[PDB]
Amino acid sequence: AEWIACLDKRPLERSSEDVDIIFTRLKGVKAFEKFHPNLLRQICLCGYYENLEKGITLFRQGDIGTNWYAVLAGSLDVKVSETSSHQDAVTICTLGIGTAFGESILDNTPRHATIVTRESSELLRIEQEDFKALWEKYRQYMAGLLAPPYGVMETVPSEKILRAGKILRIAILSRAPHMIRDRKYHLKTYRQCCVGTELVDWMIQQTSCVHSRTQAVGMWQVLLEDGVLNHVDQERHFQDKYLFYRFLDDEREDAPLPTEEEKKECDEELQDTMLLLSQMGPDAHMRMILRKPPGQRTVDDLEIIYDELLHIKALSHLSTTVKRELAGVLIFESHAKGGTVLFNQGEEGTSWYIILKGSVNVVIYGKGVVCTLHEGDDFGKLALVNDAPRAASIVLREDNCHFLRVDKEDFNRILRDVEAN
C-alpha cells in the first residue's frame, strides 16, 4: 500500500526512493517481466494509479483514447459492437492480471473496443505523451508486447529444472546407488536407467514424506517434460510403473562421478529442490492428466485437476460443486506454431477458452488486432449461452500455446446436473 502512495504523488516530486518502491511492486507484472530496467524505471516515474469498482467503463469503442494501462488486480471485459449503437456490443474476451492494453493512443487511433471492469480492479496508467516518448525510446523492448502496427503480429531444458535433475541424480547415486543401472528387459539391454515405481519410492522416503505416490509422479513429470529425465524410449508422460527413465548426465557411456564438492552441494541444496518441484508439480500433473479423455480419468485425477482449477481466476465465478463437475469434462489443447488460427470470425462456436500458456491476437475484420491476450485471460464465453457466430478471430501470437477449453454441450449438462438437488 506504500507504492500506491508513491504513484499517487506527482511525477516531478518523486524521489528515486519512491521509484524503488514502485519498481518492486511492478517488476512482477506479466507484461513487464520483459522490460529493460531503465524502461520499467521511467514507467515508475511517470505512471499513475487507479482503483475502480466493478461496472465502470474505462473507455468506449469509437473514442480517441488518452491512456495506456496494465492490470494490477481485478479484470475487465472487452466489448465490441458491429453496429453504430453501443447497445449492440457483445463481450469478446476478458483481460486479467498482468495484461496491458490501450496502445492505440500511439497514433491517435480511436478505440476498437469498449472496456468495462468486471470486478473491483487496480490499474497502472500512463498518459499519451509519456507513453509515446517511452515507445520511441524503448521500442525494441515493446514490439513483442504491442499489437500491430505498433508491435509485431507474432514472435531444450530450463536452467532451474536442469539443476534439479543434476541434484537428484547425485543424491540417488549417493544414497541409493543401486537405482541407476543397466537393466535387461526382453533380450534387450537398457543402459544406466531407473524404474518409475522406484523413483516414486525413493522420492517419498527422502526428505518430507511427500505424502503420496501421485504427488511424486507430478514432481518427476516436471523433470520429464522439460527433458532432464526421459523415458528410455520416448513417452511424454511419467508413470508410476515398471518403465525405464534416464537422467541427462547418463546419456554417454562414460560419465564423471559426483566429485565430493557436488555431494556437499547436493546435501545442503536438495531440500529446497524437493520443495520447488513440490510447488511446480501440481501444474505439470494436471496438463498430463487432461491429455486423457473425459471418460478415462481416475477419482484421483479429477481431484488433482479440481485442486488446480481453484487457482484459475477465470473460473472464480463458479460454484465449487460446478468446478468439481468441470474437472471430468475440461479439455486441454496446445498448439506449437504461432500464426495458427484457433477459430475465425463467422464460424459457429460452442467453446470457451482460458489461456494456460502463451498469448493470442484478437482480430476483427476491417479493424485488425483489437487486443492481445495472455496467460490467465479467457475468450469465447458468449458461445456458452448464445448461438451467434464468432464475432472475432483468434490467432496464436507465439509458439506453444496451451489452453483450457469448456464446450457448451458439457457445460449445460453440468448446470442442470447441479439443479438436481
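## Focus: the overall build of the chain
Step number 1: On a plain count of helices and strands, the chain comes out with 12 helices and 20 strands.
Step number 2: Taking the principal axes of the C-alpha coordinates as reference, the chain spans close to 75 × 60 × 40 Å.

## Examining the packing of helix 9 (residues 271-289) against helix 10 (residues 299-309)
Step number 1: Here helix 9 crosses helix 10 at 125°, and the two axes come no closer than 9 Å. Classified by the interaxial angle, the pair formed by helix 9 and helix 10 is oblique. Considering only the axes of helix 9 and helix 10, their crossing is left-handed. Of helix 10, the residues touching helix 9 (which contributes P282, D283, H285, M286 and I289) are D301, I304, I305 and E308.
Step number 2: Here the contact of helix 9 with helix 10 is built from residues that sort into five nonpolar, one polar and three charged.

## A few points about the nonpolar core
The nonpolar side chains of a soluble globular protein tend to be buried, and buried together.
Step number 1: Of all hydrophobic cores here, the largest spans 35 residues; its most connected members are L168, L199, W220, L223 and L229.
Step number 2: Broken down by secondary-structure element, the contributors of at least two residues to this core are helix 5 (160-175), helix 6 (196-205), helix 7 (213-225), strand 12 (244-247) and helix 9.
Step number 3: Setting aside residues up to four positions removed in sequence, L168 forms contacts with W202, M203, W220, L223, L270, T273 and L277.

## Focus: the packing of helix 5 against helix 7
Step number 1: Close contact between helix 5 and helix 7 brings their axes to 9 Å; oriented N to C, the two are set at 120°. Taken together, the axis directions place helix 5 and helix 7 in an arrangement best described as oblique. As for how helix 5 packs across helix 7, the hand of that crossing is left-handed. Side by side, helix 5 and helix 7 meet where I161, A164, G165, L168 and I172 of the first sit next to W220, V222 and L223 of the second.
Step number 2: Class assignment of the residues belonging to the contact of helix 5 with helix 7 gives a composition of seven nonpolar, one polar and no charged.

## Brief notes about the domain arrangement of the chain
Step number 1: Structurally, the chain comprises domain 1 (1-155), domain 2 (157-312) and domain 3 (313-421).
Step number 2: Using only C-alpha atoms to locate each centre, domain 1 and domain 2 end up separated by 41 Å.

## Looking at the environment of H86
Step number 1: Checked against the element boundaries, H86 lands in the loop between strand 4 (76-80) and strand 5 (90-95).
Step number 2: The spacing of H86 and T114 is 28 residues in sequence and 8.5 Å in space, taken between C-alpha atoms.

## What about the pattern of salt bridges?
Step number 1: Counted by the stated rule, this structure contains 27 salt bridges.
Step number 2: Measuring nitrogen to oxygen at the nearest pair gives 2.6 Å for the salt bridge that ties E119 to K313.
Step number 3: Because the salt bridges share partners, they merge into one network encompassing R175, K264, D267 and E268.

## Here's the deal with the UniProt feature "binding site: 3',5'-cyclic AMP" in the chain
Step number 1: Using the residue numbers shown here, the UniProt feature "binding site: 3',5'-cyclic AMP" corresponds to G380, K381, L382, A383, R390 and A391.
Step number 2: Among the structural elements, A383 can be located in the loop between strand 18 (378-379) and strand 19 (393-396).
Step number 3: Since its relative accessible area comes to 7%, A383 is described here as buried.
Step number 4: What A383 contacts, discounting residues up to four positions off in sequence, is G349, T350, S351, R390 and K408.
Step number 5: In this fold, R390 is placed in the loop between strand 18 and strand 19.
Step number 6: Looking at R390, the relative accessible area reads 10%, which means it is buried.
Step number 7: Among residues more than four places away in sequence, those in contact with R390 are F343, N344, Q345, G346, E347, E348, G349, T350, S351, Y353, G380 and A383.

## Regarding the state of the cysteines
Step number 1: Using the criterion set out here, one finds zero disulfides in the structure.
Step number 2: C93 carries a free sulfur, and the closest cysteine sulfur to it, the one in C371, is 3.9 Å from it.
Step number 3: Residue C93 is classed as buried on the basis of its relative accessible area of 2%.

## Regarding the environment of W202
Step number 1: Looking at the secondary structure, you find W202 in helix 6.
Step number 2: Taking the C-alpha atoms as reference points, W202 and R175, 27 residues apart in sequence, are found 9.7 Å from one another.
Step number 3: Excluding residues within four positions of it along the chain, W202 makes contact with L168, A171, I172, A176, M179 and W220.

## Overview of helix 7
Step number 1: For helix 7, with 13 residues, the first-to-last C-alpha span of 18 Å sits near the 18 Å given by 1.5 Å per residue.
Step number 2: Residues of helix 7 that are buried: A216, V217, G218, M219, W220, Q221, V222, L223 and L224.
Step number 3: Buried-residue contacts for helix 7 involve helix 5, helix 6, strand 11 (229-231), strand 12 and helix 9.
Step number 4: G227 occupies a position one or two residues after helix 7 and carries a positive phi of about 80°.

## As for the environment of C93
Step number 1: Relative to the assigned elements, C93 resides in strand 5.
Step number 2: Separated by 55 residues in the primary sequence, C93 and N38 have C-alpha atoms spaced 32 Å apart.

## Brief notes about the sheet that holds strand 6 (residues 100-101)
Step number 1: Sheet architecture is open: four strands sit in the order 1-8-3-6, paired in antiparallel fashion. A single partner strand is all that each edge strand has here, and the edge strands are strand 1 (48-52) and strand 6.
Step number 2: With two bridges connecting them, strand 3 (residues 67-73) and strand 6 associate as antiparallel partners. If you follow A70 over to strand 6, its bridge partner there is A100.

Conventions used here
- Residues numbered from 1 in each chain as written, not as in the entry; some residues may be left out.
- Heavy atoms only, no water.
- Residues with missing side-chain atoms left out of burial classes, pairs and counts.
- Helix = DSSP H or I, 4+ residues; strand = E, 2+ residues; numbered from the N terminus.
- Axes fitted to C-alpha atoms, helices over the stretch in contact; angles between N-to-C directions.
- Parallel < 35°, antiparallel > 145°, perpendicular 65-115°, else oblique.
- Left-handed = near helix turned anticlockwise from the far one by under 90°.
- Contact = heavy atoms within 4.5 Å.
- Nonpolar A, V, L, I, M, F, W, Y, C, P; charged D, E, K, R; others polar.
- Core = buried A, V, L, I, M, F, W, Y, C linked by side-chain atoms within 4.5 Å.
- Buried < 20%, exposed > 50% of the residue type's maximum accessible area, 1.4 Å probe, protein only.
- Domains from an automatic or database assignment.
- Salt bridge = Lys/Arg side-chain N within 4 Å of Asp/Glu carboxyl O.
- UniProt positions renumbered as here; feature names shortened; annotations may be inferred.
- Disulfide = S-S within 2.5 Å.
- Expected span 1.5 Å × (residues − 1).
- Pairing = 2+ DSSP bridges.

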